[PDB]
Amino acid sequence: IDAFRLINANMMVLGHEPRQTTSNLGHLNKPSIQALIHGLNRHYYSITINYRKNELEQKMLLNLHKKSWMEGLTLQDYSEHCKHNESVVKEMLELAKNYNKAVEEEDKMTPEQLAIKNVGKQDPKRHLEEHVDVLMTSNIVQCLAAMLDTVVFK
Amino acid sequence: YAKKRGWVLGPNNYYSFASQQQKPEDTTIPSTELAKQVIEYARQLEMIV
């Protein structure tokens, strides 16, 4: 979205947009080249647009558009979930075997240059605990929902 | 031991009752404290950086 406003021909050999003592002009857009190839800047000028952001509307749009009450303590229970815990450990075993391979290698082939000639979008720490964090968060939210539901209901 | 303890002589037979309790169990009793323990797991994963 952008708003524009036409200029006259009286200052046509002079500098149009007669702007003065302020410093909020360099923001909100620089003149883009898909827009300045046409009538910018010797035909109109660009203007600044912000939003009248208000309360009594902002939270009632936020909380009412994205909301789910009983979803926070559902289970998606176990037959879909123990299978997921079954799967991730298996390649993480081979990821640990690939983690062994670089550690027992440990050669002075200028190891910062040995690592850049062995780039593979792979193990060292990136393909590491990222999976372990997902294995951590999935089982904690699964078990905390399991223990609270035994507590609350009778 | 008739007056200190029990041991009443019946028809030439003493009597001592059962001192065994009932053992009340639920075994889902730690449901609060196990829900406590998992909280300080993630509390010690996050929040202390």
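Cut-offs and rules
- Residues numbered from 1 in each chain as written, not as in the entry; some residues may be left out.
- Chains lettered and ligands numbered in written order.
- Part of a larger assembly, values for the part shown.
- Heavy atoms only, no water.
- Helix = DSSP H or I, 4+ residues; strand = E, 2+ residues; numbered from the N terminus.
- Buried < 20%, exposed > 50% of the residue type's maximum accessible area, 1.4 Å probe, protein only.
- Areas by Shrake-Rupley, 256 points an atom, 1.4 Å probe, with all protein chains shown as cover.
- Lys, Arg positive; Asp, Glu negative; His and termini not counted.
- Charge placed at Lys NZ, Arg CZ, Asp CG, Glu CD.
- Expected span 1.5 Å × (residues − 1).
- Arc of directions from axis to C-beta.
- Patch = residues over 30% accessible without salt bridge, like charges linked within 9 Å, V, L, I, M, F, W, Y side chains within 5 Å.
- Salt bridge = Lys/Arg side-chain N within 4 Å of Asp/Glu carboxyl O.
- 1 Å grid on protein atoms, 1.4 Å probe; cavity = no way out; pocket = protein on both sides within 12 Å on 5 of 7 lines; lining within 4 Å.
- Points joined across faces, edges and corners; volume = space filled by probe spheres on them.
- Nonpolar A, V, L, I, M, F, W, Y, C, P; charged D, E, K, R; others polar.

- What the deposited record gives as its method is cryo-EM, and the resolution it gives is 3.2 Å.

**Details of the overall build of chain B**
- Helix and strand content of chain B: one helix and zero strands.
- Referenced to the eigenvectors of the C-alpha coordinate spread, the extents of chain B come out at roughly 75 × 20 × 10 Å.
- Of all 49 residues assigned to chain B, the portion counted as buried reaches 6%.
- If you sum the accessible surface of chain B, you get close to 5100 Å²; carbon and sulfur atoms cover 56% of it.
- Averaged over its 6 positive side-chain charges, chain B has a centre that lies 23 Å from the centre of its 5 negative ones.

**Quick look at helix α1 (residues 31–43) of chain B**
Residue and element names in this part refer to chain B.
- Helix length check: α1 (13 residues) gives 19 Å between terminal C-alpha atoms against 18 Å at 1.5 Å per residue, within 8%.
- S31, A35 and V38 are the residues of α1 that are buried. Buried residues in α1, looked at end-on, bunch into an arc of 60°, giving them a common side.

**Re a nonpolar patch on the surface**
Residues and elements named next belong to chain A.
- On the surface, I1, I47, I49 and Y51 cluster together to form a nonpolar patch covering roughly 490 Å² of accessible area.
- Tracing the chain through its elements places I47 in the loop between α1 (33–36) and α2 (58–65).
- We classify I47 as partly exposed; its relative accessible area is 38%.

**Focus: the layout of surface pockets**
All names here are of chain A.
- Each pocket or cavity is described by its volume, and for the largest pocket that value is around 690 Å³.
- If you go around the largest pocket, you meet 24 residues; those closest to its centre are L25, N29, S46, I47 and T48.
- Each residue belonging to the lining of the largest pocket can be placed in one class, and the counts come to eleven nonpolar, nine polar and four charged.
- If you trace the second largest pocket, you find 18 residues lining it, with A102, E105, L114, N118 and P124 closest to the centre.
- If you list the elements that add at least two residues to the lining of the second largest pocket, you get α3 (82–103), α4 (111–116) and α5 (123–127).
- The biggest single contributor to the lining of the second largest pocket is α3, with five residues.
- Split by residue class, the lining of the second largest pocket holds eight nonpolar, three polar and seven charged.

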